[PDB]
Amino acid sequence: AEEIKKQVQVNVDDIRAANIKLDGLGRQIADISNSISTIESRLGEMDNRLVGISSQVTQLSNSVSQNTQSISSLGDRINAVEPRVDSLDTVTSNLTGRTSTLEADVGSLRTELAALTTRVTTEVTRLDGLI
């Protein structure tokens, strides 16, 4: 029949349009599959960056721990030096005052020795004059 042949031909056409659509979707899918492989490789490149940064942070963490310890060692050394310098300031104050006292005492002894030298002359001259 005429109506039957016409519908059959419309179905042939519609099956062709559905196959065009299937071909288009297959290409969209293939391209997406390929693009996800590149995204996975972009993730790998970022993973590589993070491994290098983490390695640098761990190296810095070790350096900070060494420096915390070195600072503690320097602190023990300056802790120890300071009282030794305080003690030298005390000993030098002590010696300065004792040196000034010696210089006064030697000066007094020098003048007293000159007075006794003069006295021996005075008295010997006097006694000699009486003889």
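Note that residue numbering follows the sequence shown and begins at 1.
For the two regions 93-101 and 24-32, the entry's Cα B-factors average higher over 24-32. Judged by mean Cα B factor in the deposited record, 41-49 ranks above the other of 41-49 and 80-88. Compared with the other modelled residues of the chain, the Cα B-factor recorded for residue 122 ranks in the middle third. Per-chain ranking of the deposited C-alpha B factor places residue 19 in the middle third. Compared with the other modelled residues of the chain, the Cα B-factor recorded for residue 61 ranks in the middle third.
Compared with the other modelled residues of the chain, the Cα B-factor recorded for residue 72 ranks in the middle third.
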